[PDB]
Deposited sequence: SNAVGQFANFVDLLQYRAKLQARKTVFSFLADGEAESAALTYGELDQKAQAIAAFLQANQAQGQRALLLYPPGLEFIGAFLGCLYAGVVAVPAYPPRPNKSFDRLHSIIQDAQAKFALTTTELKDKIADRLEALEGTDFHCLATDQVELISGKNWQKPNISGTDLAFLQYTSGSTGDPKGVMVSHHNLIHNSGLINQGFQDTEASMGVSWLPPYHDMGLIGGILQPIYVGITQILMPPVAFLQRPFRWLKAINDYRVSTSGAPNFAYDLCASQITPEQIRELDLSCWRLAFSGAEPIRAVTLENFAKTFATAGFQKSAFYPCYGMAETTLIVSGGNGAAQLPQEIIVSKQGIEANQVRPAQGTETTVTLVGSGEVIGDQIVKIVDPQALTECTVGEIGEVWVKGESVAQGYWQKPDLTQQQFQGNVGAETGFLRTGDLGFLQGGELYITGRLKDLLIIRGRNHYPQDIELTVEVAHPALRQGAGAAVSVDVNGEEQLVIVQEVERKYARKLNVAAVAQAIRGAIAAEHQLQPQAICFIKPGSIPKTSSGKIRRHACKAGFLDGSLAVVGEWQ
């Protein structure tokens, strides 16, 4: 299984050894099973979608995948890998909504094809002719006869061949196209396994969106790499009823499931004690947390709320990675059983220094140990010099899981993927600030979002966290801290969402004073402005990640749903 150069060779091996073993079982409601596929059935569907793609002239071309969460997406993705089509996964179009995001990906990828369901094709095909022209082909893959796979021409695949374009969320700018090779998929899959240590006997459940990151290389490809059964449900099922995630873990004895930090909080806040009494989570040995700052308070609250249900905090597996690194770089608590946490000086962090406080203290959770034969270095963003111990700098990654570059973006590719430091070359600039401590990599935040006000460095998420809890009328997770230029000097602007219940009876001055008071105590900062926005109006990615730069653009252009303003 570890001699496989690509996932096409690998699934074909699994379709022989475990043909009748169930690979994916989809619960459309997060409760009852709706559909399933065996390794043999997944292989056959893949050869058939492949043959449909090759006859449709898609080989060597880029194809958008537009599918609802389900097994059709999975089959279309593996069909593209079998066919030699560069797949471009994306969130599907939704009703009463624009296709701007989708057209922008089509223009960037120079895609000639959209792969979708019969239902969506009948609703979007003419809109795609309007936007992309007649030479663009919206194809449906859900009604391909399985006998078509007899006409599949196996491409001569090498690991250096490009498999798919993984587009970034667009939190810091425009989505960029990550060129993920076949070797990138195989190398990182092994890296996830050197850390997760899963076996053919491991069970998995995943509500994560299948389009990108943890949902695709981990929720779809890792089950196939390890030869295990994965239970899958739509993210909306978990979001509406978080108990469905933990009930599935209990029901199928799931060993390995995980999600971003916010999901652990929602499970803790929205699961009743009667529901906790229906749970047995002793089966959960790896509970991963990635794609978002891991907060120490969230780890403790989950461990405390669910210890009666058998959850152990030793199961928490902190992990870090990005699309430019395929998926994972660091993970695990090392020789420790519990996620390593350091208590350091707040003002020190604002000064790129990690030191004890002698000064308010901050608690930082490690994002894991560098997994495998990859090399992580902490470098100064401007001087391109390697930071010493206790210094905070840009995380730099050199390894075989580093993507080939950004699609049709040559200048940015040389800048971010040709990182030179001292006598070293070939490093990827992650754009993430952090530091090395205890063999563990800690992450402080994103460079492009870092706020520099009054000669001090301020992390936007640290300020957003203070504002959300300042008044009950503020919606948590729906706020942005941005720097605007006032007379040549940088100042702080807060764009925060008000709660739907508090929108009509909102005391702008009272809540603004609660906000100014909290930011001054914790950050010694005075907001130039506080813009209160309507519930659900914050510029967000398709994932839900806040676009802070677009909040500053909208404040400066007046495009926000303003229900209140302070200046």
### Parts of the chain sequence, as deposited, that carry no C-alpha coordinates in this structure
1-3, 362-363
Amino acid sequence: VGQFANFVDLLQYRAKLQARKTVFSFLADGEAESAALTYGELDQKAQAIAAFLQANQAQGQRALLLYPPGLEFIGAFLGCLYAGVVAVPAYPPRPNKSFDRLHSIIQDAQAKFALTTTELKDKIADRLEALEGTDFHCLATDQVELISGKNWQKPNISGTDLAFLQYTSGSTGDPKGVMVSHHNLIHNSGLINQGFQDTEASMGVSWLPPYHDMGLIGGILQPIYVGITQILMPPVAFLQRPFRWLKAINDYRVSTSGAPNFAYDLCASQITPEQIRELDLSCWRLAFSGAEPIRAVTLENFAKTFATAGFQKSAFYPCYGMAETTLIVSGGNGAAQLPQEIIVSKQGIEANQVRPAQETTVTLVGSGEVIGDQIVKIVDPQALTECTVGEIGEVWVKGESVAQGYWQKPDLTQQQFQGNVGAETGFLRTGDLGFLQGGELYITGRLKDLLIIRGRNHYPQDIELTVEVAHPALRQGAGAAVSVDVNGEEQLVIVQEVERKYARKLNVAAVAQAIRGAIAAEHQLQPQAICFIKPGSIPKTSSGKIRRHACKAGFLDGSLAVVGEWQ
From here on, numbers count along this sequence of modelled residues.
### Query
Is the mean CA B factor in the deposited entry higher across 260-268 or across 324-332?
260-268
## Note on the structure
Ranked by mean Cα B-factor in the entry, 553-561 and 19-27, top stretch is 553-561
### Task
Could you tell me which one of 108, 161, 432, 440 shows the highest CA temperature factor in the PDB record?
440
### Message
Using only the C-alpha B-factors in the record, can you name which of 173, 318, 204, 195 has the highest?
### Response
173
### Message
Based on the deposited C-alpha B factors for this chain, I'd like to know if residue 353 is in the lowest, middle or highest third.
### Response
middle
### Message
How does the C-alpha B factor of residue 531 compare with the rest of the chain: lowest, middle or highest third?
### Response
middle
### Query
Ranked by Cα temperature factor within the chain, is residue 112 in the lowest third, the middle third or the highest third?
middle
### Task
Within this chain's modelled residues, let me know which third the CA B factor of residue 407 belongs to: lowest, middle or highest.
lowest
### Task
Sorting the chain's modelled residues by C-alpha B-factor, tell me whether residue 511 ends up in the lowest, middle or highest third.
middle
